[PDB]
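There is one chain below, alone, in C-alpha cells, taken in the form deposited in one PDB entry.
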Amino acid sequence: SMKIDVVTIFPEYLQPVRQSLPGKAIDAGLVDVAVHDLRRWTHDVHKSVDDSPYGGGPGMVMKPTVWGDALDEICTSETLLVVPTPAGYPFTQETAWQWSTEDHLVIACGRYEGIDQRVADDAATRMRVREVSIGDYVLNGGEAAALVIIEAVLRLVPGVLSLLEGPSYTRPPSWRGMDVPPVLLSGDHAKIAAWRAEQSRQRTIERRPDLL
C-alpha cells in the first residue's frame, strides 16, 4: 500500500502515470497516485510561484512560502519527500528498491532555477528528505524526473504496474538476411548461458567500462 502525492505547476504532465496504473491495483488499495497543482497554495491574485534570485543571476526561484504551505498540508512525519534536482544524489535501482516499501512518497517538482533551499531544509527537520537526480543531463523541471521515479519504484511493488543485458531475439529465425545466433536454437542450455554471459561482458566493456 503506497500513496504518492506529486506537486507541480504542470499537473497535466503527470497524466501518463495515472494511465499507467492497472485498475486491479487501485481497487486492491495497493497504490494511489494524486497530482496537485502548486498554485492551489499561492497567496496572491496573480498566483505567483516564483521570484528573483538573491545574489542575482538569470532565471527565477520558486517561492518558499508557497511550497511551505503545500508541503505542510500534504506531508506528515512519515512522508519521504522526494525533490528532483540536477544537483541531487544519483537516483539508482538501489534507490528505487528502498523507496518501493515506503508508505508515502511526496514528489516536489520544481521549475525555473529550482526551489528556494529553505523548503527542503525546513522539511528535513520534521521528515526524511531526498534530493535526487535521474541522470547527467539538464531538464526544464522536475516533472519528467517524477515520471521516471514513479515508474522505477512502482514496478518493484508487487502487482502494481553488475553487467549489461545482452541482445534478445524472437521469430522469425531469419530476417532481412540476419539469422538468430544458432546457439540459441541448440538446446544446449549451459552453452546458451555461457554465450549470454560473454555477450553481456562484451557489451559492458564497450558501452559501460565504468561498471568494470
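Residues carry their position along the shown sequence, with the first being 1. By rigid core we mean the largest C-alpha set that fits within 1.5 Å across both forms.
Another form, the form deposited in another entry, is not on view; read the next lines as being about it.
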Taking 2 Å as the cut-off, check whether the CA of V17 shifts that much or more between the shown form and the other one after a rigid core fit.
yes
Relative Cα spacing, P16 and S168, in the other form - shift of 3 Å or more
farther
Direction of C-alpha distance change in the other form, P22 to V82 (at least 3 Å)
closer
